[PDB]
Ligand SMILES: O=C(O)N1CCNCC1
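Given as structure tokens, the chain that follows is alone and in the form deposited without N1-carboxypiperazine (BZP).
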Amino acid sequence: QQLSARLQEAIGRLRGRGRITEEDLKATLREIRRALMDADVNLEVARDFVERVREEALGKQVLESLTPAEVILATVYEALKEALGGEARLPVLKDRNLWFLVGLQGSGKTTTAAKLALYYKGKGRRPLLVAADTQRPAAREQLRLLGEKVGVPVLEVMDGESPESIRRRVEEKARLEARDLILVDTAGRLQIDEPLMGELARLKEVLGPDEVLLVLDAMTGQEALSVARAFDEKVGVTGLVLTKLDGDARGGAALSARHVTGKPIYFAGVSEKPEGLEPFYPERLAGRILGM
């Protein structure tokens, strides 16, 4: 099994050498921490994780084992799979469903809203898209065009329209057209922009979404921890979508975000196309981060 270059060296140099010193163990764990950071795992999360691995390995008698390379690798892999969610898990839909797509500017929210519309349409739900971004130029048209492409109607929020007015128009369109999955696409915003984070929280209070999905770009670096924490503390996140996984970013931001929120990573974005949505597989990301 091929690992990243760094882990192949750290693990490989231990193989066939019988029992290893405490210094070789400490050397190995340091390299694991550095590999995780190379993969854009937040430095504090990385430190925390390797402490968890150290303790687990020591309970598996790693310093008495004649195959500590095997013990360490197995501990790391299984711990990473687990911390990422363990197994694939999708949202559980109700009779009526209203979800928000939230996150930083450019992360993939508008495209993800449309991907979800297609995915659930194909499963016999009846989605409605809501273009709630009134600040980005041509945001409303952008979602309208994507809705047309996937054959799902798009309600476009008006300049200045109050949350209560939005709620009334949305519930009425959903009534007139028997729409059971409402997908609200929100504008990108900084997690430290208190006015816009306040706006978002007030749209959530009025609309009462069942799910609030943080859309996180796979290439996101060290700030993923702070961003996830803030969207969770200020608004309330119920799950995550990891986008742009058709690139080669390792995706370590997913571990940062899941660590601080405890929320499921539901879906993986895997192309720029409406069909580019898959269930998220924690084992798959574990391997990607570790360079399988």
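Just count from 1 along the sequence shown to find any residue number.
Keep in mind the form solved in complex with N1-carboxypiperazine (BZP) is missing from the figure; the text below concerns it.
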Contact label in the deposited bound form: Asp159 to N1-carboxypiperazine (BZP), heavy atom within 4.5 Å: no
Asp24 within 4.5 Å of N1-carboxypiperazine (BZP) in the deposited bound form, heavy atoms: no
Any non-hydrogen atom of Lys94 within 4.5 angstroms of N1-carboxypiperazine (BZP) in the deposited bound form: yes
Exercise: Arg13 in contact with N1-carboxypiperazine (BZP) in the deposited bound form, heavy atom 4.5 Å: no
Listed residue that, although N1-carboxypiperazine (BZP) is not shown, lies within 4.5 Å of it in the deposited bound form (heavy atoms), from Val53, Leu245, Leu225, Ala46: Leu245
Segment assignment from 226-234, 33-41, 263-271, 59-67: heavy atom within 4.5 Å of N1-carboxypiperazine (BZP) in the deposited bound form: 263-271
Within 4.5 Å of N1-carboxypiperazine (BZP) in the deposited bound form: residues from 270-291 (heavy atom criterion): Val270, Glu278, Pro279, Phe280, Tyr281, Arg284, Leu285, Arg288
